[PDB]
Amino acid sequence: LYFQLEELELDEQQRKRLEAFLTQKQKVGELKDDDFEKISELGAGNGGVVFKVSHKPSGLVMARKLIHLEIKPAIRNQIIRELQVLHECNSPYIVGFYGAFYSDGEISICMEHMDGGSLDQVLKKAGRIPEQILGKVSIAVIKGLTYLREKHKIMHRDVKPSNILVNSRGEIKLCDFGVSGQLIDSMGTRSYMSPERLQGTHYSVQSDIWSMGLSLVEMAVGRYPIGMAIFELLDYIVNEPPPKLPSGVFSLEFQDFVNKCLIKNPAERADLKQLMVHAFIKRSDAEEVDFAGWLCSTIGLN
């Protein structure tokens, strides 16, 4: 393999892991519905269902997300085409992608299986996720959001605990980002949308910062921090002060970090550059946290 990795400043462990995923990916060609065998259901959301599958020609275990869309063939083919950009989205903070295709009213998004599942699944087991672990989560989310914005000019548009994937090797990765404009166009009791997004305001990385901040407070406290009825919830986000991390249990740097993510005004709200040099991030990056060890003990893995 003739790797074109230099654009990413990677540690040797990150370089080895990314190279091992890309090498495994070389076993995979054209994806067909007939070449998959359903192992189990990993989970489901509003738009689709994701299954742990076996890709029979390669032997690879994958996570197959199926999104039901029986629409005009010309527009589903535009979607499938827009999804091919995912082949170029190589980052330690972005879930690996094997391929995307359409079959029998379903668009399939085949990706790297993350054996730790999502952070909302681990939150159920953990109760509360430790501040120090959330420091590593914060770094991975900022770096992933930065990679997407800087390298592919894409915004996530759907940052939430269920869209942050973890594994037994201690990797933290984003998934379900807005790579396809046509998929967004063609496509509850909890909302992670920024107050300005809920009012109609054009999307921005600032909205992703809000979603990240809210997700952090939820994971830190063990529950959705607003609270409930639909309008009641959205009226609270738009017209009431943002939620705050409780005092006496969390560091001042972590409280200040989430406060800067949750500023109602998107202009005063912190950007990715400012968040990357925030005391919380600087502290968290210097800490030796055995995230892989903590994850394997709280959810019972390797």
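Throughout, rigid core stands for the largest set of C-alpha atoms superposing within 1.5 Å between the two forms. Sequential numbering from 1, following the sequence displayed.
Comparing C-alpha positions in 5 other deposited structures of this protein against this form, with the rigid core used for the fit, which stretch differs more, 39 to 47 or 252 to 260? Larger mean C-alpha displacement, comparing 39 to 47 and 252 to 260 in 5 other deposited structures of this protein, is found in 39 to 47.
How do 192 to 200 and 128 to 136 compare in 5 other deposited structures of this protein: which one has C-alphas farther from this form after the rigid core is matched? Higher average C-alpha offset in 5 other deposited structures of this protein goes to 192 to 200.
Please figure out whether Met187 and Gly188 are truly consecutive in the deposited sequence or have unmodelled residues between them, and give none, 1 to 3, 4 to 9, or 10 or more. According to the record, 4 to 9 deposited residues lack coordinates from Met187 to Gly188.
Scan the PDB entry between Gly227 and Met228 and report the missing deposited residues as one of none, 1 to 3, 4 to 9, 10 or more. Unmodelled stretch: 4 to 9 residues.
For the higher mean C-alpha B factor in the entry, choose 242 to 250 or 266 to 274. The stretch with the larger mean CA B-factor is 242 to 250.
Quick one: say whether 229 to 237 or 61 to 69 has the higher mean Cα B-factor in the deposited entry. According to the PDB entry, the answer is 229 to 237.
Which is it among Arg149, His87, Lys173, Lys124: the one with the largest CA B-factor in the entry? Among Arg149, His87, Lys173, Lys124, the PDB entry lists the largest C-alpha B-factor for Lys124.
Highest CA temperature factor in the entry: which of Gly116, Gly99, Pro130, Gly200? The C-alpha B-factor peaks, among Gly116, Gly99, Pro130, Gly200, at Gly200.
What third of the chain, by the recorded C-alpha B-factor, contains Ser204? Highest third of the chain for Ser204's C-alpha B-factor.
State the tercile, meaning the lowest, middle or highest third, of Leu10 with respect to the CA B-factors recorded for its chain. According to the entry, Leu10 has a C-alpha B-factor in the chain's highest third.
Taking the entry's C-alpha B-factors for this chain, is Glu112 in the lowest, middle or highest third? Lowest third - that is where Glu112 ends up once the chain's C-alpha B-factors are sorted.
Position of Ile281 among the chain's modelled residues by C-alpha B-factor, lowest, middle or highest third: For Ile281, the deposited C-alpha B-factor lands in the lowest third.
Lowest, middle or highest third: which one holds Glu82 when the chain's residues are ordered by CA B-factor from the entry? As the PDB entry reports it, the C-alpha B-factor of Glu82 lands in the middle third of its chain.
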